[PDB]
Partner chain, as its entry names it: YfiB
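We begin with a single chain expressed as structure tokens, specifically the form deposited without its partner chain.
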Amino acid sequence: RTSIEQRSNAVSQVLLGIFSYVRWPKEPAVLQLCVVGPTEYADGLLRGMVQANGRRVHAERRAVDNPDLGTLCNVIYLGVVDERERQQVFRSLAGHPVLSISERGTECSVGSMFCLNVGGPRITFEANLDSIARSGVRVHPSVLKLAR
């Protein structure tokens, strides 16, 4: 088991944790996760995951310029994108109840609601409170206790 694999599984676990604080307006029977753009640590997600409640999380890769990310995805896990691609993605998510989490995120000021920092002894993440507030999903504030 490589360190990328260990981390990938941790990313899976961190994500499940975050998911538990999120509520969608209409809760789907199967939670759709979309991995968008190049990622290092999404392989665990892509094998599939199940929430504590029993809801299955189905994950697949979708393209940065898929115009239907907002209706096809309940959760976005965002990899390497440039500014024009990131804007494209979030224009698709606009007005839809979509949880967004980015794999990197030096700053986490614009774009995703939560930004993982995966390198390092443990995975940490930051919260973008403004993204959270414009996101369409409800987020229990206790999740911030799990952030950095």
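Residue numbers count along the first chain shown, from 1.
In what follows, reference is made to the form solved in complex with its partner chain, a form of this protein that is not presented.
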item: Touches its partner chain in the entry with it bound: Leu16 (any heavy atom, 4.5 Å); value: yes
item: Exercise: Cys108 in contact with its partner chain in the entry with it bound, heavy atom 4.5 Å; value: yes
item: Its partner chain contact in the entry with it bound: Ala29, any heavy atom under 4.5 Å; value: no
item: Contact flag, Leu129 vs its partner chain in the entry with it bound, heavy atom cut 4.5 Å; value: yes
